[PDB]
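Here's the structure we're looking at; comments come further down.
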Amino acid sequence: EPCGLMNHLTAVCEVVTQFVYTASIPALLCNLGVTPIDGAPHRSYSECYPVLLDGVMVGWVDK
Amino acid sequence: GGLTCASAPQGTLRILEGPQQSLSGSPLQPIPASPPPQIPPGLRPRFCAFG
Numbered sequence: 506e507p508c509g510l511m512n513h514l515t516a517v518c519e520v521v522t523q524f525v526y527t528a529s530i531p532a533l534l535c536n537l538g539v540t541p542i543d544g545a546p547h548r549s550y551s552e553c554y555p556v557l558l559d560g561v562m563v564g565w566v567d568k
Numbered sequence: 103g104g105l106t107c108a109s110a111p112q113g114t115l116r117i118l119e120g121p122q123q124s125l126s127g128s129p130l131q132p133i134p135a136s137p138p139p140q141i142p143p144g145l146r147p148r149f150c151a152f153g
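Residue numbers (PDB author numbering), protein chains in the order written: chain B, 506 to 568; chain N, 103 to 153.
Okay, structure coming up:
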């Protein structure tokens, strides 16, 4: 009765449990080439990727 | 003496900081592949018949 519903992790698999700052990441993504949600994407909003980081949309790295 | 709208910009520059790609070496494993199980040298029989 529990088939396919009760699974088990492989030996190498693991759950993430650490918590980090993730505050300097939005400022690094912009150095890398992302353009903030505020504007000037430099393309057409259709040739651009919507960047998300943990629910918060940094916004529109060029394609 | 106030601020007025000026001419529209003629272009936009977007700056980002980016590093480059190295050569493809693809060094898959320290001791690589699945090394095969194998024969211990000589071994010898560890059993004899009676008589």
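Even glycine gets a Cβ: it sits at the ideal position worked out from N, Cα and C.
Which residues DSSP lists as bridging residue 567 of chain B, in chain order | Within the first sequence, residue 567 of chain B is the residue found at index 62, counting from 1. In the DSSP output, where bridge partners are listed per residue, residue 567 of chain B has B:553.
Rounded to whole angstroms, what's the CA-CA distance from residue 509 of chain B to residue 524 of chain B? Just pull it up for me.
-> Along the first sequence, read from residue 1 onward, the residue named residue 509 of chain B stands at position 4. Along the first sequence, read from residue 1 onward, the residue named residue 524 of chain B stands at position 19. Rounded to whole angstroms, residue 509 of chain B to residue 524 of chain B spans 31 Å at the Cα level.
Output the boundary residues of the alpha helix (DSSP H) element that contains residue 532 of chain B.
-> Residue mapping note: residue 532 of chain B aligns to position 27 of the first sequence, counting from 1. Per DSSP, residue 532 of chain B is one residue of the alpha helix (DSSP H) stretching across 530-537.
Shorter than 9 Å from the beta carbon of residue 545 of chain B to some beta carbon of chain N?
-> Translated into the one-based positions of the first sequence, residue 545 of chain B becomes position 40. Closer than 9 Å: yes.
Do the CB positions of residue 114 of chain N and residue 545 of chain B come within less than 9 Å of each other?
-> Within the second sequence, numbered from 1, the residue matching residue 114 of chain N stands at position 12. Within the first sequence, numbered from 1, the residue matching residue 545 of chain B stands at position 40. Result yes, Cβ atoms of residue 114 of chain N and residue 545 of chain B sit closer than 9 Å.
Any beta-carbon of chain B closer than 9 Å to the one on residue 130 of chain N?
-> Your numbering for residue 130 of chain N matches position 28 in the second sequence. No, because no Cβ of chain B sits closer than 9 Å to the Cβ of residue 130 of chain N.
Taking residue 116 of chain N as the query, report the chain B residues whose CB atoms sit under 7 Å from its CB, ordered along the chain.
-> Against the second sequence, residue 116 of chain N aligns to sequence position 14. Ordered by position in chain B, the residues that pass the 7 Å Cβ test against residue 116 of chain N are 540, 545 and 547.
Chain N contacts made by the segment 515-537 of chain B, where a contact means CB separation under 8 Å | 535, 536 and 537
Report all residues from its chain with a CB closer than 8 Å to the CB of residue 557 of chain B; omit the five preceding and five following residues, and keep chain order.
-> To locate residue 557 of chain B, count along the first sequence from 1; it is residue 52. Answer for residue 557 of chain B: 563, listed in chain order.
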